[PDB]
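Written out below as structure tokens is the structure these notes cover.
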Amino acid sequence: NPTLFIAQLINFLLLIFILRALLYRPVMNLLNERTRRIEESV
Amino acid sequence: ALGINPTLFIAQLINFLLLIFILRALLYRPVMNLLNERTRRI
Amino acid sequence: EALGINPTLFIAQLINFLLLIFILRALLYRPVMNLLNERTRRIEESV
Amino acid sequence: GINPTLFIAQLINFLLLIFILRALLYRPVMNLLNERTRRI
Amino acid sequence: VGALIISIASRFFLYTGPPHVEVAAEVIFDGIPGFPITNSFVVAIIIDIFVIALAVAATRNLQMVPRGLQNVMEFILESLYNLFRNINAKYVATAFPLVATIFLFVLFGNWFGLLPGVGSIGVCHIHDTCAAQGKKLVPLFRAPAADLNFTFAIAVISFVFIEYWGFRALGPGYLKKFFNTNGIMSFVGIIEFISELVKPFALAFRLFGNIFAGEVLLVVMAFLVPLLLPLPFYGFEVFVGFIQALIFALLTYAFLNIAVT
Amino acid sequence: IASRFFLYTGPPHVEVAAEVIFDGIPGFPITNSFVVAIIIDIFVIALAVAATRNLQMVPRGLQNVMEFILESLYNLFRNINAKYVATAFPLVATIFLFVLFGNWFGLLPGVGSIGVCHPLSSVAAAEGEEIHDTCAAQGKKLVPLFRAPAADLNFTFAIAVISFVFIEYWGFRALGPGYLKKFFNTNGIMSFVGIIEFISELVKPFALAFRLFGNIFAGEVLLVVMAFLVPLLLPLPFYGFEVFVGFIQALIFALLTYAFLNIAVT
Amino acid sequence: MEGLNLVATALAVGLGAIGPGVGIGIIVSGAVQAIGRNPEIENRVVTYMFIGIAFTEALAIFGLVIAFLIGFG
Amino acid sequence: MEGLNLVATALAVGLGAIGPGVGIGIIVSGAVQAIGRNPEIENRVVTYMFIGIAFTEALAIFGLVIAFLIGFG
Amino acid sequence: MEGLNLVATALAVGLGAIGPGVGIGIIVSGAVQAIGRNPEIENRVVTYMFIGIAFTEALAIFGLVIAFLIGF
Amino acid sequence: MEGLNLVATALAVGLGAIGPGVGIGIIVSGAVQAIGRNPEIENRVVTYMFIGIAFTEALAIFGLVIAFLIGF
Amino acid sequence: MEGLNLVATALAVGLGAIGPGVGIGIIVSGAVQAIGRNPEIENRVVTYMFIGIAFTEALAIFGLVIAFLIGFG
Amino acid sequence: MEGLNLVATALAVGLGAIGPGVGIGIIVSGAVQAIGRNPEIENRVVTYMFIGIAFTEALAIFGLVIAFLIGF
Amino acid sequence: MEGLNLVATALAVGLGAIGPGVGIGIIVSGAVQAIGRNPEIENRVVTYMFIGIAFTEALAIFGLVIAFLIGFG
Amino acid sequence: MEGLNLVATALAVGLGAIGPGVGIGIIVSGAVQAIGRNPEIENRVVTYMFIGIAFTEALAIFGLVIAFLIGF
Amino acid sequence: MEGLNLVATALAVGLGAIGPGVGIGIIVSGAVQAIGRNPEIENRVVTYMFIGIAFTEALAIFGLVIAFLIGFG
Amino acid sequence: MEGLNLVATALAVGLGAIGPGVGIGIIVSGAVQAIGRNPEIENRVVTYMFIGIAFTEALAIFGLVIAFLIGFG
């Protein structure tokens, strides 16, 4: 679509930016904590 | 309406079975073995 | 005269009012007089 | 029932009622109640 | 009295006919060149006379110990004073006469509606009496609260009273409430304002509709079975008249209380 | 912020349709749902081999996240029944991982915009745009090559029937002749409630398939409608809700499958 | 339509008998639960329950009166 | 259009049964809970429960009988 | 379309009975429960209980009044 | 029309399921909670619960027989 | 066809009354229970309960004024 | 007309879903709470809950049977 | 049809008072009960109560806007 | 007159959503509560809660199925 | 026969306000009641309360979207 | 008549919002109260609340999808 595709891309980019600003630090922190626990277990 | 295609239905069933087998063979058995090793030898 | 009277309605209303008064006397007469007497006794004793 | 003159007259009657009972049903009773409470 | 009552089928011998009583407004009692006398205004005057008579009879001697009618008169005022003191402390004296009058007057108006003959006795302007002649029948002794004009008048006088005694109590603050808050009392304030505006409407409508429903219920139960059927309804309505009177009084006092505070 | 919601460039309408049959030049015709399902299977297998080709202690990177999610799933299923937490884990894991990425694919731009075909143009004074699509010629419909796999009543039906078959087989695996004892046992009123139990057990896979298909299709339709209303700065909360609910329903499917397994075996 | 009168009477009955019934049930259940503890309050709680039941029956009989008026003009 | 009488009868009975059913349910639930809390007050509890049940059944009977009047002459 | 006014009256009265009826029931049940829990608080509770009773009945009376106006 | 009878019986059965259904649900929930609270009064509470169940089912049977008379 | 305005007014008033009545009922029940539990916080209790009942009555008044505009004008 | 039977069947099934649905919901909630409060009486409470569930669903079964009869 | 435009506004406002009315009622009841239980959490209680009230009022505002759009055209 | 089948399907699905939705809500609330005050009984309470949810969903699916049959 | 579109828009808006309104009311009442008994659990409970509020608002958005779709065809 | 499809769409979506709207609210309120009473058990409580919300929301989605099929079929 000449116009709907642009709107969908804009919405997807905005959602990705919002997730990176908000919902990216917590998942990375959880992964880092799991890795630290695994390292301690070894 | 429903779009119930018996040919597509059987194709989807076969694809799902193949995906289940592939997942069981890779990254399920191996990840399970790794978790067991990290848990039974921690 | 210019009096508008409904025979059945007037008699029915009189009968209903009389029966309501009878039931009030049978039930709602002892407590109303009793509370009056209690109030009177409490005020009279407060002298 | 939206006649202005009639509910105006009803308002007048109600105001007359309150201002006429202030001096006969309230003032004597209020004075008696005040004295009775003061009597105890 | 046994439950095997036979007189339940008196409608065959005593048929009241259709409930012709359906007027939602006033009917003139006496032809007067000036303002007309409504079927509600005459009973209002009668109730004023009754209230004056009871007041003068209960205050003619002013006996120290109340006995007979004096105690009866004192008890209701004592209960109302205790209730209002429970609601508000220092505003009992300021509003007690008005709230007590608005209680007693509408209580007697509500109780008058159940008097027999109210729906039967009337003046010519199954088939009643007047319909035999050429002149139609209009009823006599219509309840005051049944008239929308009287309920609107008492509602607007209550509104004026509460506004005046909120303004005098709270200075300029009550005049404009606290609309300048802009944080909370900017959208809540207008909602409270429209609630205040409709408050007299709701207050008048409560009494008017309750009394209208009462009278039409009495007429309907007379229509269905004019014997022993409207007894529980009569008891319910004499109860609910006093209940609505006390409701109106307590409600206007509470609205004054929430206004000042 | 409140002056940039221009509607001059947007879709002309809100296209709504069921699964559209793809061209299918050879035999055994395919649809737009099968191709995307295959590509998501390929992506899943690629991620699996990436987390598998390098397996070691102290996981880090993709392998760490994969192991964390897998152990969280094992913990969640263990909270229901530890007897079959591993015997049935691959099925629920595969279904969950497939449905999550299927719901995620619907958010990819071009879904409903790319067509295989087997300002001034926009209407003024209207909240919706009226810009004609690229395939508007030939009176076509601009068949979406990319569509959500779960938005089709065939993939959902297939996973529902395979889950029902797996659950029924695992229940019959160790139950003796106990299935019939629970259905219309003719013991007082237990027979009638057993009849309702049998009916509910029969209708469960249909309910699951219809629920997932409707959820994903409704998500895609609401996204299309919001795009039609305002092209941008409108649908951020709705896109976030859809991305949340897709993974939520994906985990729900596996959890319900395990729960039905436990309630059938017990 | 010619038969709207009967449907109107039915609606004024049935729709008028829903809320009052639930209110009566709630009132009676609350009164019984309250009298379960400290039964000495039975007189006052029964009085208040009767006030409530009168209000609910008030609404129900408003509905009944309207239905009777509609069914008979 | 003559089926409006049946429609009215059905609407009247159904909407006059839906309310009292919920009322009776709540009444019995509260009464049973109070009885479990205090078995000794069960006499008065059952009395008041029957009073409320009769009121709900009074409403239901009104709805049924007026539906009968609609259905018949 | 004769008889529409009757159906209007019926609907108005029915809903006005449904709503405030349940409101009154809930109010009275809560009041009696509180009184049973604490009898002493009755003198302060009954006032607000009746305030709420009046507030609930306002909508039912609105419905009845509108029904009467429609019928007349 | 020629189908208003079907609509009538359907509505009657539907509302007869609406009311007594919730009544039964609340009755059984309260009875079970009380039984779990005190098992010793189980006989009496079961008797009262069954009485209430019959009353709600009496209403349901009234509705269903009205529908049967309409349908048949 | 022609009486649709009357039905509109009736439905508006009835639906706008059915909800806020239950809302204010639950408001008053909760406020009464809280007052019985704690009389010292009564001032804030009353202020907040009156704010809420004002909100609900504002909704009911919106319904009533919409019905009035429908009936007249 | 033509769709009156369909409307009737749909309405009947819908109401027979809304009533018994809430009924069984309340039943199950109460039974689960009672079981949590008392594991020892589980057999009796489960039996009574199943009886109530059957009655509530018996109502819906009657509704569905009526709908199928109208449909058939 | 000549009518059906008054009926639309009527239904919209009526149901938009049905929903948010009960929502606000339950919100206020919970808030007053919590205040009675915990007095000094009043600030958070009032804040969350007002956020919930605004979220509920969003639906009533939508209904009123729809009714006005129908009325004005 | 247009096809009433659309209205029938709409009403059926809508009421099937109305009833079982509240049923599931109440069931889940009670199950979560019983788990909260007693985690030790979680297996049995979740089993019975799932039974109840299945019954509610059984009713809802019945409504959806009859709606689909009306539609086709 | 012709103005049915406005009726449909109104019905959609009204019922999509009916549902989520009560949902949000119950959610906020439960959240505030829980927060009253446990001050430090506010961070945990706020997330779930907002999730439920959004889901109810998701349903409301469904209703509003349908109303707009039938509002403009 | 003519535009019955929009009416059906509206009714389906509205009731689908009505039911699950209440269901989700009840679920969230119960879950929040349980979490507040016992903060340590939320590990399974949150998951159970979400899976319960699934079943409720499924019905709303059913209504929305049926309405979409009606409006576009």
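Scheme for the structure tokens: letters A, B, ... for chains in order shown; per-chain residue numbers from 1; ligand numbers from 1 in order shown.
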Any chance you could dump chain K, least-squares fitted to chain H on all C-alpha atoms in order, as a CSV table (one decimal) with N, CA and C atoms, in the first residue's frame?
```
chain,number,residue,atom,x,y,z
K,1,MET,N,-48.3,-8.3,15.7
K,1,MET,CA,-49.6,-7.8,15.3
K,1,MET,C,-50.7,-8.6,15.9
K,2,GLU,N,-50.7,-9.9,15.7
K,2,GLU,CA,-51.7,-10.8,16.3
K,2,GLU,C,-51.2,-11.7,17.4
K,3,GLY,N,-49.9,-12.0,17.4
K,3,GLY,CA,-49.4,-12.8,18.5
K,3,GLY,C,-48.8,-12.1,19.6
K,4,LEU,N,-49.1,-10.8,19.7
K,4,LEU,CA,-48.5,-9.9,20.8
K,4,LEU,C,-48.9,-10.4,22.1
K,5,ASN,N,-50.1,-11.0,22.3
K,5,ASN,CA,-50.5,-11.5,23.6
K,5,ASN,C,-49.6,-12.6,24.1
K,6,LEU,N,-49.2,-13.5,23.2
K,6,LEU,CA,-48.3,-14.6,23.6
K,6,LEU,C,-47.0,-14.0,24.1
K,7,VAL,N,-46.4,-13.0,23.3
K,7,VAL,CA,-45.2,-12.4,23.7
K,7,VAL,C,-45.3,-11.7,25.0
K,8,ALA,N,-46.5,-11.0,25.2
K,8,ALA,CA,-46.7,-10.3,26.5
K,8,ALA,C,-46.7,-11.3,27.7
K,9,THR,N,-47.4,-12.4,27.5
K,9,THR,CA,-47.4,-13.4,28.6
K,9,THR,C,-46.0,-13.9,28.9
K,10,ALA,N,-45.3,-14.2,27.8
K,10,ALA,CA,-43.9,-14.8,28.0
K,10,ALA,C,-43.0,-13.8,28.7
K,11,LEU,N,-43.0,-12.6,28.2
K,11,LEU,CA,-42.1,-11.5,28.8
K,11,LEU,C,-42.5,-11.3,30.2
K,12,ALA,N,-43.8,-11.2,30.5
K,12,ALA,CA,-44.3,-11.0,31.9
K,12,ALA,C,-43.7,-12.1,32.8
K,13,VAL,N,-43.9,-13.4,32.4
K,13,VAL,CA,-43.5,-14.5,33.3
K,13,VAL,C,-42.0,-14.5,33.4
K,14,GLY,N,-41.3,-14.3,32.3
K,14,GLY,CA,-39.8,-14.4,32.4
K,14,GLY,C,-39.2,-13.3,33.2
K,15,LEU,N,-39.7,-12.0,33.1
K,15,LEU,CA,-39.1,-10.9,33.9
K,15,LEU,C,-39.6,-11.1,35.3
K,16,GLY,N,-40.8,-11.5,35.6
K,16,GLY,CA,-41.2,-11.7,37.0
K,16,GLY,C,-40.5,-12.9,37.6
K,17,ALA,N,-39.9,-13.8,36.8
K,17,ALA,CA,-39.1,-14.9,37.4
K,17,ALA,C,-37.6,-14.5,37.5
K,18,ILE,N,-37.1,-13.6,36.7
K,18,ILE,CA,-35.7,-13.4,36.7
K,18,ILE,C,-35.2,-12.7,38.0
K,19,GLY,N,-36.0,-11.8,38.5
K,19,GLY,CA,-35.6,-11.1,39.7
K,19,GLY,C,-35.8,-11.8,41.0
K,20,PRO,N,-37.0,-12.2,41.3
K,20,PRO,CA,-37.2,-12.9,42.6
K,20,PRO,C,-36.4,-14.2,42.8
K,21,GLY,N,-36.1,-14.8,41.7
K,21,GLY,CA,-35.2,-16.0,41.8
K,21,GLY,C,-33.9,-15.6,42.4
K,22,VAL,N,-33.2,-14.6,41.9
K,22,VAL,CA,-32.0,-14.1,42.5
K,22,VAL,C,-32.2,-13.6,43.9
K,23,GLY,N,-33.3,-12.9,44.2
K,23,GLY,CA,-33.6,-12.4,45.5
K,23,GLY,C,-33.7,-13.6,46.5
K,24,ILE,N,-34.5,-14.6,46.2
K,24,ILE,CA,-34.6,-15.7,47.2
K,24,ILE,C,-33.3,-16.5,47.2
K,25,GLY,N,-32.5,-16.5,46.2
K,25,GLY,CA,-31.2,-17.2,46.2
K,25,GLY,C,-30.3,-16.5,47.2
K,26,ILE,N,-30.2,-15.2,47.2
K,26,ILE,CA,-29.4,-14.4,48.2
K,26,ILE,C,-30.0,-14.6,49.6
K,27,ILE,N,-31.3,-14.6,49.7
K,27,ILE,CA,-32.0,-14.8,51.0
K,27,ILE,C,-31.5,-16.1,51.6
K,28,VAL,N,-31.6,-17.2,50.8
K,28,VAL,CA,-31.2,-18.5,51.3
K,28,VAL,C,-29.7,-18.6,51.6
K,29,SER,N,-28.9,-18.0,50.8
K,29,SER,CA,-27.5,-18.0,51.1
K,29,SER,C,-27.2,-17.3,52.4
K,30,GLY,N,-27.7,-16.1,52.6
K,30,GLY,CA,-27.5,-15.4,53.8
K,30,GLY,C,-28.0,-16.1,55.0
K,31,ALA,N,-29.2,-16.7,54.9
K,31,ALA,CA,-29.8,-17.5,56.0
K,31,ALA,C,-29.0,-18.7,56.4
K,32,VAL,N,-28.5,-19.4,55.4
K,32,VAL,CA,-27.6,-20.5,55.6
K,32,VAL,C,-26.4,-20.2,56.3
K,33,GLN,N,-25.7,-19.1,55.8
K,33,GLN,CA,-24.5,-18.6,56.5
K,33,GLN,C,-24.7,-18.2,57.9
K,34,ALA,N,-25.8,-17.5,58.2
K,34,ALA,CA,-26.2,-17.1,59.6
K,34,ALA,C,-26.5,-18.3,60.4
K,35,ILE,N,-27.2,-19.3,59.9
K,35,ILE,CA,-27.5,-20.5,60.6
K,35,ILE,C,-26.2,-21.3,61.0
K,36,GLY,N,-25.3,-21.4,60.0
K,36,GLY,CA,-24.0,-22.0,60.3
K,36,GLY,C,-23.2,-21.3,61.4
K,37,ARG,N,-23.3,-19.9,61.4
K,37,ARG,CA,-22.6,-19.1,62.4
K,37,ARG,C,-23.2,-19.2,63.8
K,38,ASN,N,-24.6,-19.2,63.8
K,38,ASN,CA,-25.3,-19.1,65.1
K,38,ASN,C,-26.6,-20.0,65.0
K,39,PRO,N,-26.6,-21.2,65.5
K,39,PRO,CA,-27.8,-22.0,65.4
K,39,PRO,C,-28.8,-21.7,66.5
K,40,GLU,N,-28.4,-20.9,67.5
K,40,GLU,CA,-29.4,-20.6,68.6
K,40,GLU,C,-30.5,-19.6,68.2
K,41,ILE,N,-30.2,-18.7,67.2
K,41,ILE,CA,-31.2,-17.7,66.8
K,41,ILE,C,-32.0,-18.2,65.6
K,42,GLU,N,-31.9,-19.6,65.5
K,42,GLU,CA,-32.4,-20.2,64.3
K,42,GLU,C,-33.9,-20.0,64.1
K,43,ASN,N,-34.7,-19.9,65.2
K,43,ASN,CA,-36.1,-19.8,65.1
K,43,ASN,C,-36.5,-18.4,64.4
K,44,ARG,N,-35.9,-17.3,65.0
K,44,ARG,CA,-36.1,-16.0,64.4
K,44,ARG,C,-35.5,-15.9,63.0
K,45,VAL,N,-34.4,-16.5,62.7
K,45,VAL,CA,-33.8,-16.6,61.4
K,45,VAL,C,-34.8,-17.2,60.4
K,46,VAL,N,-35.4,-18.3,60.8
K,46,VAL,CA,-36.3,-19.0,59.8
K,46,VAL,C,-37.5,-18.2,59.6
K,47,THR,N,-38.1,-17.6,60.7
K,47,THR,CA,-39.3,-16.8,60.6
K,47,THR,C,-39.1,-15.7,59.6
K,48,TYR,N,-38.0,-14.9,59.8
K,48,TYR,CA,-37.7,-13.7,59.0
K,48,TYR,C,-37.4,-14.1,57.6
K,49,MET,N,-36.6,-15.2,57.4
K,49,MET,CA,-36.3,-15.6,56.0
K,49,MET,C,-37.5,-16.1,55.3
K,50,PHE,N,-38.5,-16.7,56.0
K,50,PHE,CA,-39.7,-17.1,55.3
K,50,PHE,C,-40.6,-15.9,55.0
K,51,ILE,N,-40.6,-14.9,55.9
K,51,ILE,CA,-41.3,-13.7,55.6
K,51,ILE,C,-40.8,-13.0,54.3
K,52,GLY,N,-39.5,-13.0,54.2
K,52,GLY,CA,-38.9,-12.3,53.1
K,52,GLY,C,-39.1,-13.1,51.8
K,53,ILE,N,-39.0,-14.5,51.9
K,53,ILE,CA,-39.2,-15.3,50.7
K,53,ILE,C,-40.7,-15.2,50.3
K,54,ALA,N,-41.6,-15.1,51.3
K,54,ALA,CA,-43.0,-14.9,51.0
K,54,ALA,C,-43.2,-13.6,50.2
K,55,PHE,N,-42.5,-12.5,50.7
K,55,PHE,CA,-42.6,-11.3,50.0
K,55,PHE,C,-42.2,-11.4,48.5
K,56,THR,N,-41.0,-12.0,48.3
K,56,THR,CA,-40.5,-12.1,46.9
K,56,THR,C,-41.4,-13.0,46.1
K,57,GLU,N,-41.8,-14.2,46.7
K,57,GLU,CA,-42.8,-15.0,45.9
K,57,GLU,C,-44.1,-14.3,45.7
K,58,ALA,N,-44.5,-13.4,46.5
K,58,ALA,CA,-45.7,-12.6,46.2
K,58,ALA,C,-45.5,-11.7,45.0
K,59,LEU,N,-44.3,-11.1,44.9
K,59,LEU,CA,-44.0,-10.4,43.7
K,59,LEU,C,-44.0,-11.3,42.5
K,60,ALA,N,-43.4,-12.4,42.6
K,60,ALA,CA,-43.4,-13.4,41.4
K,60,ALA,C,-44.8,-13.8,41.1
K,61,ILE,N,-45.7,-14.0,42.1
K,61,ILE,CA,-47.0,-14.4,41.9
K,61,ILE,C,-47.8,-13.3,41.2
K,62,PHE,N,-47.6,-12.0,41.6
K,62,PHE,CA,-48.2,-10.9,41.0
K,62,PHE,C,-47.8,-10.9,39.5
K,63,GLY,N,-46.5,-11.2,39.2
K,63,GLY,CA,-46.2,-11.3,37.8
K,63,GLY,C,-46.9,-12.4,37.1
K,64,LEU,N,-47.0,-13.6,37.7
K,64,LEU,CA,-47.6,-14.8,37.1
K,64,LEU,C,-49.1,-14.5,36.9
K,65,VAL,N,-49.8,-13.9,37.8
K,65,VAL,CA,-51.2,-13.7,37.7
K,65,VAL,C,-51.5,-12.6,36.6
K,66,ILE,N,-50.6,-11.6,36.5
K,66,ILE,CA,-50.7,-10.7,35.4
K,66,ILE,C,-50.6,-11.3,34.1
K,67,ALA,N,-49.6,-12.2,34.0
K,67,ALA,CA,-49.4,-13.0,32.8
K,67,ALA,C,-50.6,-13.9,32.4
K,68,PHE,N,-51.2,-14.5,33.5
K,68,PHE,CA,-52.4,-15.3,33.3
K,68,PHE,C,-53.6,-14.5,32.8
K,69,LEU,N,-53.8,-13.3,33.4
K,69,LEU,CA,-54.8,-12.4,32.9
K,69,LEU,C,-54.6,-12.0,31.5
K,70,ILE,N,-53.3,-11.8,31.1
K,70,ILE,CA,-53.0,-11.4,29.8
K,70,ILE,C,-53.3,-12.5,28.8
K,71,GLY,N,-52.9,-13.7,29.1
K,71,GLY,CA,-53.2,-14.9,28.2
K,71,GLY,C,-54.6,-15.2,28.1
K,72,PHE,N,-55.4,-15.2,29.2
K,72,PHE,CA,-56.8,-15.5,29.3
K,72,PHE,C,-57.5,-14.3,29.7
K,73,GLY,N,-58.3,-13.7,28.8
K,73,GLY,CA,-59.0,-12.5,29.2
K,73,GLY,C,-58.2,-11.2,28.9
```
Exercise: residue 179 (chain F) partners within 12 Å, only C-alpha atoms, chain neighbours under 3 positions left out, as a list in words
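In the requested form, the answer reads residues 168, 169, 170, 171, 172, 173, 174, 175, 176, 182, 183, 184, 185, 194, 195, 197, 198, 201, 263, 264, 265 and 266 of chain F.
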Go ahead and save the picked residues with N, CA and C atoms, as a tab-separated table (two decimals), in the first residue's frame.
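Saved result, result_33.tsv, follows:
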```tsv
chain	number	residue	atom	x	y	z
F	168	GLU	N	-5.43	-36.26	24.97
F	168	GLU	CA	-6.24	-37.46	25.10
F	168	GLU	C	-5.37	-38.71	25.14
F	169	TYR	N	-4.31	-38.75	24.33
F	169	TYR	CA	-3.43	-39.91	24.32
F	169	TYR	C	-2.66	-40.02	25.63
F	170	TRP	N	-2.20	-38.89	26.17
F	170	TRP	CA	-1.47	-38.93	27.43
F	170	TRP	C	-2.39	-39.30	28.59
F	171	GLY	N	-3.65	-38.87	28.53
F	171	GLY	CA	-4.61	-39.30	29.53
F	171	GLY	C	-4.90	-40.79	29.43
F	172	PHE	N	-5.10	-41.29	28.21
F	172	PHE	CA	-5.33	-42.72	28.03
F	172	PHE	C	-4.04	-43.51	28.23
F	173	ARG	N	-2.90	-42.82	28.28
F	173	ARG	CA	-1.62	-43.49	28.47
F	173	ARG	C	-1.58	-44.26	29.78
F	174	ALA	N	-1.91	-43.59	30.89
F	174	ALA	CA	-2.01	-44.24	32.20
F	174	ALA	C	-3.33	-43.83	32.85
F	175	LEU	N	-4.41	-44.51	32.49
F	175	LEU	CA	-5.67	-44.33	33.20
F	175	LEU	C	-6.53	-45.58	33.27
F	176	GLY	N	-6.10	-46.71	32.70
F	176	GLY	CA	-6.93	-47.89	32.64
F	176	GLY	C	-8.23	-47.62	31.91
F	182	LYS	N	-15.65	-41.82	34.40
F	182	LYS	CA	-15.91	-40.41	34.64
F	182	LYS	C	-17.00	-39.84	33.73
F	183	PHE	N	-17.41	-40.52	32.67
F	183	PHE	CA	-18.44	-40.03	31.76
F	183	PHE	C	-19.68	-40.90	31.89
F	184	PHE	N	-20.80	-40.28	32.26
F	184	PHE	CA	-22.10	-40.94	32.44
F	184	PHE	C	-21.96	-42.31	33.09
F	185	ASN	N	-21.43	-42.30	34.32
F	185	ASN	CA	-21.24	-43.52	35.10
F	185	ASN	C	-22.55	-44.12	35.60
F	194	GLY	N	-21.23	-35.87	34.23
F	194	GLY	CA	-20.26	-36.50	33.35
F	194	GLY	C	-20.55	-36.26	31.89
F	195	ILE	N	-21.83	-36.21	31.52
F	195	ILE	CA	-22.20	-35.88	30.15
F	195	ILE	C	-21.74	-34.47	29.80
F	197	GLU	N	-19.30	-32.95	31.21
F	197	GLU	CA	-17.84	-33.02	31.17
F	197	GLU	C	-17.35	-33.53	29.82
F	198	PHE	N	-18.00	-34.56	29.29
F	198	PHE	CA	-17.63	-35.09	27.98
F	198	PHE	C	-17.85	-34.05	26.89
F	201	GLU	N	-15.14	-31.43	27.18
F	201	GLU	CA	-13.87	-31.96	26.70
F	201	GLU	C	-13.83	-32.00	25.18
F	263	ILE	N	-5.92	-32.07	34.19
F	263	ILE	CA	-7.30	-32.32	34.58
F	263	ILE	C	-7.85	-33.59	33.94
F	264	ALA	N	-7.26	-34.03	32.83
F	264	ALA	CA	-7.68	-35.29	32.23
F	264	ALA	C	-7.01	-36.48	32.91
F	265	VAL	N	-5.72	-36.33	33.24
F	265	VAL	CA	-4.97	-37.45	33.90
F	265	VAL	C	-5.41	-37.52	35.37
F	266	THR	N	-5.84	-36.39	35.94
F	266	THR	CA	-6.33	-36.38	37.34
F	266	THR	C	-7.77	-35.92	37.35
```
Residues flagged helix (DSSP H, G or I) by DSSP in chain B, as a PyMOL selection string
chain B and resi 6-40
One decimal, in Å: what's the spacing between CA of residue 55 (chain I) and CA of residue 189 (chain E)?
19.7 Å
Tell me which protein, DNA and RNA residues are within 7 Å of region 20-34 of chain C, counting only C-alpha atoms, leaving out same-chain ones fewer than 3 positions away, and put them as a ChimeraX atom specification.
/C:16-17,37-38 /E:231,235
Go ahead and dump the residues you just picked, N, CA, C and O atoms, as a PDB file, in the first residue's frame.
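Listed below is the output, again-v9.pdb:
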```
ATOM      1  N   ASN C  16     -62.289   0.891  54.399  1.00  0.00           N
ATOM      2  CA  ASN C  16     -60.845   0.717  54.491  1.00  0.00           C
ATOM      3  C   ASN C  16     -60.259   1.558  55.616  1.00  0.00           C
ATOM      4  O   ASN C  16     -59.405   1.085  56.373  1.00  0.00           O
ATOM      5  N   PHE C  17     -60.706   2.809  55.744  1.00  0.00           N
ATOM      6  CA  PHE C  17     -60.203   3.662  56.814  1.00  0.00           C
ATOM      7  C   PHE C  17     -60.596   3.121  58.182  1.00  0.00           C
ATOM      8  O   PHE C  17     -59.789   3.137  59.118  1.00  0.00           O
ATOM      9  N   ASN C  37     -46.207   7.507  78.298  1.00  0.00           N
ATOM     10  CA  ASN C  37     -46.183   7.349  79.748  1.00  0.00           C
ATOM     11  C   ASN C  37     -44.757   7.335  80.279  1.00  0.00           C
ATOM     12  O   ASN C  37     -44.482   7.898  81.344  1.00  0.00           O
ATOM     13  N   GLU C  38     -43.837   6.689  79.559  1.00  0.00           N
ATOM     14  CA  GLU C  38     -42.441   6.677  79.981  1.00  0.00           C
ATOM     15  C   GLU C  38     -41.851   8.082  79.975  1.00  0.00           C
ATOM     16  O   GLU C  38     -41.153   8.474  80.919  1.00  0.00           O
TER      17      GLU C  38
ATOM     18  N   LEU E 231     -56.211  -2.340  52.096  1.00  0.00           N
ATOM     19  CA  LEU E 231     -55.806  -2.121  53.485  1.00  0.00           C
ATOM     20  C   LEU E 231     -54.290  -2.104  53.657  1.00  0.00           C
ATOM     21  O   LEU E 231     -53.769  -1.151  54.271  1.00  0.00           O
ATOM     22  N   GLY E 235     -52.039   1.224  54.777  1.00  0.00           N
ATOM     23  CA  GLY E 235     -51.051   1.258  55.846  1.00  0.00           C
ATOM     24  C   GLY E 235     -49.681   1.671  55.343  1.00  0.00           C
ATOM     25  O   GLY E 235     -49.007   2.523  55.936  1.00  0.00           O
TER      26      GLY E 235
END
```
In Å, rounded to a single decimal, give me how far CA of residue 25 (chain E) is from CA of residue 140 (chain E).
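These atoms are spaced 13.0 Å apart.
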Residues of region 25-147 of chain E classed as strand (DSSP E) by DSSP on the backbone are to be reported as an MDAnalysis selection string.
chainID E and resid 122:124 137:139
Would you list the contacts of residue 1 (chain A) as a VMD selection string, taking every protein, DNA or RNA residue within 8 Å and counting only C-alpha atoms, but skipping same-chain residues closer than 5 positions in sequence?
chain F and resid 11 110 112 to 115 133 to 134
